[PDB]
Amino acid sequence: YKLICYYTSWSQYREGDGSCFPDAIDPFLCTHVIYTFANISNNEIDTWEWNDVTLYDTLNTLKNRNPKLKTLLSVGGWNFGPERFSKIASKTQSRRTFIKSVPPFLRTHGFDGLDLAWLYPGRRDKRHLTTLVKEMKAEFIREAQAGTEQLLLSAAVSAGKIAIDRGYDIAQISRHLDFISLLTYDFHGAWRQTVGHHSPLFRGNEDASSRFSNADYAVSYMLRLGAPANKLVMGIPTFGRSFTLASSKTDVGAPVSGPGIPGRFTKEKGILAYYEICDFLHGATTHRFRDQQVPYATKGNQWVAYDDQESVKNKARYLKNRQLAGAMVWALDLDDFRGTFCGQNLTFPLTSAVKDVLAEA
């Protein structure tokens, strides 16, 4: 099985214990670590943070300890606007410029591949994404002739049915990608004025939005569209999502007034790192959505949907049972990488739980 793990370049800036640099990563934890994100400038791949060349080096020094570890560089993300991707991919010339720029940059910086994180292709982009993936793969095939192991090509893909239908030719891109990471953790609609879980494995008992907004639906749909199981990797989050409650009610359908207050370290309303959630749990009441097989917790006027050791193990068993290629974790810097917040004196408790289950049989 693959265990694909993202590290985000902006996590270095977090205050105190929130600060995460690539040398915090256990070299034997994941099979693939993906650094996010690279920029595209002058139609060519490029660095983003002022110190990316240094951090790339810190990440790739992990291979000294684990020579089998593979690293990839992810281009795109939400800061990079999807409009920028569309412009590049939609013209033969700009597409070529971008593709040609990729292998030399990856080789210079010691990466084993490229991950495409276009968030997200629209209806007008579907055919252009197919050509980008096919042509990029063709370039990697050419570059391998020069003697070095062929660069890998992956993509992070929406797990939402509507977004999938709108923007991706799954049958075609699956042929050329070495793996597809499904973003199976963005299932709670931003329009919803009630609490709800963003990463449920199965649908909930009543009033769900779509019997589509769950990981099992997304996995089945991708297989149905022609992605081979051995190309699909199921995403598992190490962050949770938070809401401010609008009333004393906390169970299914509880009204909310907006996102939860920011975490002390991650400082973004509506999201919390797992290490922040571990602390939040002190004094909180814990519940589990039976049917959806994922937990939530609440205290005060705050309500948090999240994944714990039990839920990530459960998802790992699920993806093995569906004979998928493995799991993807977003993100290492949001797990308890220090090992000091979750009361087990264990680094990367969520990611390690997934790893341990993948090894079982």
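Start at 1 and count along the sequence shown; that's the residue number.
Asker: With respect to the recorded C-alpha B factors, which stretch has the higher mean value, 289 to 297 or 324 to 332?
Answerer: Comparing averages over the C-alpha atoms only gives 289 to 297.
Asker: What stretch has the higher average Cα B-factor here, 270 to 278 or 191 to 199?
Answerer: Averaging CA B-factors over each stretch, the winner is 191 to 199.
Asker: Which is it among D216, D112, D251, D115: the one with the largest CA B-factor in the entry?
Answerer: If I rank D216, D112, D251, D115 by C-alpha B-factor, first place goes to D251.
Asker: Which listed residue, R107, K137, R123, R241, has the largest C-alpha temperature factor in the record?
Answerer: The C-alpha B-factor peaks, among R107, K137, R123, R241, at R123.
Asker: When the deposited Cα B-factors of this chain's modelled residues are ordered and cut into thirds, is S19 in the lowest, the middle or the highest one?
Answerer: As the PDB entry reports it, the C-alpha B-factor of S19 lands in the middle third of its chain.
Asker: Lowest, middle or highest third of the chain for the C-alpha temperature factor of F348?
Answerer: Answer is lowest: the recorded C-alpha B-factor places it there.
Asker: Is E49 in the lowest, middle or highest third of its chain when residues are ranked by C-alpha B-factor?
Answerer: CA B-factor rank for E49: middle third.
Asker: Can you tell me whether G235 has a C-alpha B-factor in the lowest, middle or highest third compared with the other modelled residues of the same chain?
Answerer: Bottom third by C-alpha B-factor.
Asker: If you rank every modelled residue in this chain by C-alpha B factor, which third holds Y168: lowest, middle or highest?
Answerer: For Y168, whose C-alpha B-factor we compare with every modelled residue in the chain, the answer is the middle third.
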